[PDB]
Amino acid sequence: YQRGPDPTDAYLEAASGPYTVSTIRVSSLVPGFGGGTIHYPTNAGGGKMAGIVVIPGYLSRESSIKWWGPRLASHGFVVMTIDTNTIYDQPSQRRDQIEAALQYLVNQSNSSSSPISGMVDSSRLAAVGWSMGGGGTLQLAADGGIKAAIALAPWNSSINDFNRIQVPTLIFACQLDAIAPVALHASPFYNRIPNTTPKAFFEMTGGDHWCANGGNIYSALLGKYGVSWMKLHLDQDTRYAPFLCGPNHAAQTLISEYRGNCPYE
């Protein structure tokens, strides 16, 4: 499943990966979620790719998390950024909508008329979620069915099944978050995940609840670590492991705490 150039730090911190990214609008009338945008690379080599859904949020729309669409897709993934049914939906409703959106992506790849016809490997699916959508992502990770999870400043009930998660999970915490305080959300969620499950915790210095959404002072690190996580766990691409395992991450101004269980085998 490996594709593309041998990575470097500068290549991973740049605003775009090497592939040209096209988009299609998904109507708000689609069943099971609120619509969105499919992002896909046009020149990624002929092989099938993993499929990723990106979900909000805190009382917010697709636009809040859209930055993750091109950032991931330009490195060789089919990535759909979505709206939910309403901005008020709770984390378990968001979980269900991630599953419906992943199935929609599979269905479009299996069609004869979609621009993404043939492109998605339905056995390699993943989710990225902000805030209440991060809680929904962790709930889906606990149930299985995705191969990787990234949570951006997650919010969830302290009553959960996160101690069951077998899915490789990266958590971005926002140091100063007051909506989902790290001490009540991101930190205990990370600590509950089994020590046998590949995981990582990156806390962003000074960040408010929006800090992991990209398009901001943290972009270079969010994109480097997030792309490396998806490459390593969805493509089994060990060339991306040195970006996650080895560096003194907390020596950087923008990282206020790091935790992990490297190496990942």
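Note that residue numbering begins at 1 and tracks the sequence as displayed.
K.L.:
Out of 183 to 191 and 110 to 118, which stretch has the higher average CA B-factor listed in the record?
P.N.:
Here the higher of the two C-alpha B-factor means belongs to 110 to 118.
K.L.:
Going by the average Cα B-factor in the PDB entry, point out whether 80 to 88 or 125 to 133 comes out higher.
P.N.:
Stretch with the higher mean C-alpha B-factor: 80 to 88.
K.L.:
Based on the PDB record, which member of 54, 230, 44, 222 exhibits the highest Cα temperature factor?
P.N.:
Largest recorded C-alpha B-factor: 44.
K.L.:
If you rank every modelled residue in this chain by C-alpha B factor, which third holds residue 167: lowest, middle or highest?
P.N.:
Within its chain, residue 167 is a middle-third residue by C-alpha B-factor, going by the deposited values.
K.L.:
Sorting the chain's CA B-factors, does residue 158 end up in the lowest, middle or highest third?
P.N.:
For residue 158, whose C-alpha B-factor we compare with every modelled residue in the chain, the answer is the highest third.
K.L.:
Select lowest, middle or highest to describe the third in which the CA B-factor of residue 173 falls within its chain in this entry.
P.N.:
Answer is lowest: the recorded C-alpha B-factor places it there.
K.L.:
With respect to C-alpha B-factor, does residue 72 fall in the lowest, middle or highest third of the chain as deposited?
P.N.:
Residue 72: CA B-factor falls in the lowest third of its chain.
K.L.:
By the record's CA B-factor, is residue 61 among the lowest, middle or highest third of residues in the chain?
P.N.:
Highest third.
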